[PDB]
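Shown below, as C-alpha cells, is a lone chain in the form deposited in one PDB entry; questions about how it binds or moves come after it.
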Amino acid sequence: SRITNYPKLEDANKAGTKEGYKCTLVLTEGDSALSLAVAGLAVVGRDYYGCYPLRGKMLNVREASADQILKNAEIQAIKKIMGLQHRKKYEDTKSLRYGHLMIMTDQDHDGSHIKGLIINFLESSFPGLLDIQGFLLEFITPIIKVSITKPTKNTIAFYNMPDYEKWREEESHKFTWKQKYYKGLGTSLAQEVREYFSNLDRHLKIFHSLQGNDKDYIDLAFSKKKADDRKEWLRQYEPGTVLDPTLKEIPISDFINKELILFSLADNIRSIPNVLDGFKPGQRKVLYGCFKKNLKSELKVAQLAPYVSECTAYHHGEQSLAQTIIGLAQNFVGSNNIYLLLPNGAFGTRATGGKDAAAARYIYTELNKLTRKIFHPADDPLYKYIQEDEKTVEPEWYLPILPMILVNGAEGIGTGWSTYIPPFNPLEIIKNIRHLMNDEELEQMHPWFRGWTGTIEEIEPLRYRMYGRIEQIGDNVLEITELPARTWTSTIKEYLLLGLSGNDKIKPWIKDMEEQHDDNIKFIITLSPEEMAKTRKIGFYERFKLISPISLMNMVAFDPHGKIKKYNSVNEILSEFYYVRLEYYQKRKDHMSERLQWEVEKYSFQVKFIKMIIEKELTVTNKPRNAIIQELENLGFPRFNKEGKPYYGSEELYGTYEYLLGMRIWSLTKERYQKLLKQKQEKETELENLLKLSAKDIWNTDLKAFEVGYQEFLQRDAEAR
C-alpha cells in the first residue's frame, strides 16, 4: 500500500510492508537538508530508506490543545507516514510503516533544538516508542572544514565549537589555513558527500533508549511549566562540557546537557541584549557594518543586510537581518526613542506596529547623523572585536556615551530567561549621568516615549499605568486623540468595529464610528444615550481599552562580563553602565595619547628623512635596499608596522621602513615638505591639548555635542510627523 497525501515524501519501497521494521524514515530540516537526503537515496537504496522534510521548528506537544496538535499538518504528516498511533504502549516497531526514524538537521544550534523537539514529540505522543533500542537515529555533518594551505595539506572536520576551539588555540598557529562555515545541509558539494554515505556508520550515531533521568531531562527542557528551572540549569552549565565526538552512542540525558543546552545558551545570547549598548548580536553587527562602510549616503535594506552579513560572519538567514535593520530605523510613535538608522521609506507605521512596512527591496536607510555622536569613533580601537571565521567581526559590546538600553529599551524571549525594558527620556538620562558624575543622588526615572502625548502614572515601584486620551466633544459623542504607547491603531479599530456591528456573543454598543487620523490619532465615536450612561459606570478609558500596564519586574540583560543578570531598578542599570563608561574614558585618552605620540615620531622621522636628503647627507638613489636599510637603522630611524607602532631595537612584529621609502616622490617637493611640517605641528598640539583634559572633561565634551545633535533630531522627527 502506498501513500497519496504527501507529494514531497520519498516513500521507501518496502515501507509499511513486511519489512517495515527494517525501513528508515529520514526527517530533514528544510529542503536544503532534503536535497541531501534524496541524494543519499541513490547510494543506500530506496528499498529501506525514505525521507520527508520538516518545514520549521516543530510544535511543542506539551501544553498544546488536542485541537492545536490535530491542526498541525506537520505532526499529522509524520503520524501518517510512520503509521503511528497513541493507543496503549508501544512494544515493537512491527505495527509501523517504518522501523527506524533518522533526524537530519543542519547540525547548528537550532538544528539541535529541532532534534530535541522531535524527541520531545515522540516521548510525549507515543509511550514506549523511545524504549525500543535503536529506533531513533541522528545524521551528523561537520561544522568547520579547515584547509591547510602552505605547510602540510590535510582537511580537518570538527563537529562542535569546543573541539574546533581547542584546535584553534592550540594547533592553528602552526599552519596556514582557512575555515569554512558549513551551515545549511544545502550547500555541501557531492564530491565529499558520496564519501559521507560510503562510510556513514561513522557519520551515524544512535540515541540510547530511555534510561534513568532521560524523561526527566526532556521535561526540564520542553515543559512549559519549568521556566525557572532552566534558568538554573543554564547557571549550572560548565564551559567545555560537551558531548564526546565520534562516540557513536548517545545518552539522551547528556545530549540535552551537552548539546541542546548549547542552543539555549546561544538562544539567550541573541534574544537578550547587553546592558552596555542595549544591543543584541544581530543589531550590533548591523551598526558595526555601517561603521565599516561609510553609511552617510543611503542604500536599500535588501543590499545592506547581505553586506553586513558577509563582513560580520552572520550565520543566519539574511531575511532575519533585514528585519532587524528595519526595526533599527522605524520612527513611528511607540518605536525607538532614538533611531540609529533613518527610515528612508515605508518602514512601517503606528497602525499595525511597523508590520505594514514595505519589503526590504522597496526601502532604503543610512546612519542617523546623531548615531556617531552616541557611539563615538574614538572608542572603536578600545573594544574587544570578536574573533570568528579566521577573521575579526563586531565587538563584544559597544560603549555609548549614554546607556542606549535605557533610551530605546528592549524586548526578547530566550530559554529560561525573558526580558522587557521600556524606553526612557534621554534628557533625564543625561541628567542622572551628571548626577553620578557630581557625586549626587540620582533622580528616579519613569518610562518615556518619543512624540507620545499620553500620560503615565506610577502605581508601585516597577509598575506603571499608561493612559491614552478620550474626550467628550458632543452630546453622546466621544473623541479619542491618543492611545497608550505600543497600542496600535488597528487593534482599537477592530475593537470599535466589533461594537459597531455587534457580534455572535456580544451585542453592539456603538452607534457609529469614524476615522479622521492626521499626524495624530482621531476616532470620532457616537453612542446612544443608553450606552453613554453605561460607559460612565464602567469608565471611558476602561471600556475603550485606553489603559495599558508597564512592568519593570522583568528587566533582564547580560552584564559587562557577559553574564545574564536581572536588574531590580532603573538606576542600577544606569549605575553599572556609568562606572564602565568612565573607566573607558580614561582608557580612551590613554590610547589616543599613545597613538598620537607614535604619529609624532612617525612625522618627525619623516621630516628628518626628507631633511637629510635635501641637505644631501643621505642618498637613496641606487644603493641596494639592503645597504639603505642599514644606513637608516644606523641613523636612529625606527621601523613602523601597519598599526603605527615604532621599533627601535634592530615582519608585523618588527615593522618596516615603508613609512619613509614608501612616500611618493611628491613628498620631496618643498610644498609637500611644508605641508608635512604643518601636520607635525598640528599633531603636537593635539597631544598637548589632550593631556590637559580629564576623562570627565572628554565625556562632558561628547555629552554637549550629543545634546546639540539630539535637539536637531527631535526637530527633524517632529517635522516628519
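Residue numbers run from 1 along the displayed sequence. Basically, rigid core = biggest C-alpha set you can superpose within 1.5 Å across the two forms.
This protein has a second form, the form deposited in another entry, left out of what is shown; the following refers to that one.
Of the residues 251, 560, 184, 327, exactly one exceeds or equals a 2 Å C-alpha shift between the shown form and the other one once the rigid core is aligned, and that residue is 184. Shown in the overlay between the shown form and the other one, fitted on the rigid core, is a CA shift at residue 619 smaller than 2 Å. A displacement of 2 angstroms or greater separates the C-alpha positions of residue 151 between the shown form and the other one, with the rigid core held in common.
Superposition on the rigid core between the shown form and the other one places the CA atom of residue 172 2 Å or more away from its counterpart.
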